[PDB]
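Shown next, in structure tokens, is the structure this report addresses.
Positions are given from 1 along the sequence. Counting starts at 1 for both ligands and their atoms, in listed order.
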Amino acid sequence: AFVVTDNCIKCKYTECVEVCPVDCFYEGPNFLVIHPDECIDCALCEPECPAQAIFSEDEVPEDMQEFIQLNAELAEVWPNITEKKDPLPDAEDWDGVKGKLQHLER
Ligand code: SF4
Ligand code: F3S
């Protein structure tokens, strides 16, 4: 029951997927989501995200509550990703920029 939040958008390092025991990450053009029902809450992906975008559901910041629901719905429509990939080309420029939800691509 972990959740990918805002800082992932435009960064998408994919450092989180290799440690996932149940392969419950799904990828979008510029963001990743965790499938809530598949996730076993092992917490292993959280410290691996360079963007510090992953949070336990009950620890998702108040201002990013929308991502809980978002991960659930997008996990239904995006393809599963199980292998690390190169971060987006300008990940460092966007890492730390707030409100990147406005840049989310379906
Ligand atoms: S908490 Fe564990 S099972 Fe859930 S997405 Fe992260 S690595 Fe995968
Ligand atoms: S930037 Fe996104 S792709 Fe994974 S390593 Fe962090 S949640």
Counting each atom of ligand 1 from 1 as listed, which ones have a heavy atom of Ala43 under 4.0 Å away? 1 (S), 2 (Fe)
Between atom 6 (Fe) of ligand 2 and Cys49, is there an N, O or S atom separated by less than 2.8 Å? yes
Taking every non-hydrogen atom, the tightest pair across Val3 and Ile34: N-CD1, 3.8 Å
If the test is side-chain hydrogen bond (donor to acceptor under 3.5 Å, both in side chains), which one of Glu18, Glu48, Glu15 qualifies with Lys84? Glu15
Would you mind running through ligand 1 and noting each atom that sits below 4.0 Å from a heavy atom of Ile34? 5 (S)
Residue part near ligand 2, for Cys16, under 4.0 Å between non-hydrogen atoms: both
Short list, please: which atoms of ligand 1 are under 4.0 Å from a heavy atom of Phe2? 1 (S)
Has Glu83 got more than 12 heavy atoms of other residues, nucleotides or ligands less than 6.0 Å from its CD? no
At what distance is the nearest protein heavy atom to atom 8 (Fe) of ligand 1, and which residue and atom is it? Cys20 SG, 2.3 Å
Looking at every non-hydrogen atom in both residues, tell me the closest pair between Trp94 and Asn7 and how far apart they are. O-OD1, 3.7 Å
Numbering as shown, the atoms of ligand 1 that approach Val22 to under 4.0 Å (heavy-atom distance): 3 (S)
Between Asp95 and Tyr13: side-chain donor-acceptor atoms closer than 3.5 Å: yes
For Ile54, which part has a heavy atom under 4.0 Å from ligand 2: side chain, backbone, both, or neither? side chain
When you measure from atom 6 (Fe) of ligand 1 to the N, O or S atoms of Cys45, does any of those distances fall below 2.8 Å? yes
Looking at atom 2 (Fe) of ligand 2, what's its closest protein heavy atom, distance included? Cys8 SG, 2.3 Å
Do you know the tightest heavy-atom contact between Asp6 and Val97? OD1-O, 4.0 Å
Other residues, nucleotides and ligands only: do more than 12 of their heavy atoms fall within 6.0 Å of CD on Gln52? no
